[PDB]
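In the form solved without its partner chain, a lone chain appears below as C-alpha cells.
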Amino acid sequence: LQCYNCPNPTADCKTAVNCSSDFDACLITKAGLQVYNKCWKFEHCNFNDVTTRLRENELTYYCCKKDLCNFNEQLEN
C-alpha cells in the first residue's frame, strides 16, 4: 500500500513511499489549510485515536486503503 509521507504537515506534499510495517489505512487529516500526510492503522482510525495521537481535535481524519489514497483531492470534491 503506497502513501504520502512527509517530515512536516504541509498542504502540498508530493512524497510517495511504501507504507507497510503494520500499516493498512492511509491517513489524510485536513484541519483546514494544514494537511497531515501520515500512515495510520484502521483500528486507531477514529475520533480519538488520531486526534489524541497528534494531540489535535478539529479535523476530518480520512482513513483509506488504496495506493496513494492521501492526495490533495480526497475530502474535497
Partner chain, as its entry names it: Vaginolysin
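Numbering follows the first chain given and starts at 1.
Below, we refer to the form solved in complex with its partner chain, which is not included among the displayed structures.
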Exercise for the section: Check whether residue 68 has any heavy atom within 4.5 Å of a heavy atom of its partner chain in the bound PDB entry, and answer yes or no. Expected result: yes
Handout entry: Interface membership of residue 39, its partner chain in the bound PDB entry, 4.5 Å heavy atom rule
Key = no
Handout entry: in the bound PDB entry, residue 57 touching its partner chain (heavy atom, 4.5 Å)
Key = yes
Practice task
Find out whether any non-hydrogen atom of residue 12 is located within 4.5 angstroms of its partner chain in the bound PDB entry, and reply yes or no.
Solution key: yes
Exercise for the section: Could you run down 39-63 and flag each residue that has a heavy atom within 4.5 Å of its partner chain in the bound PDB entry? Expected result: 42, 45, 47, 48, 57, 58, 59, 60, 61, 62, 63
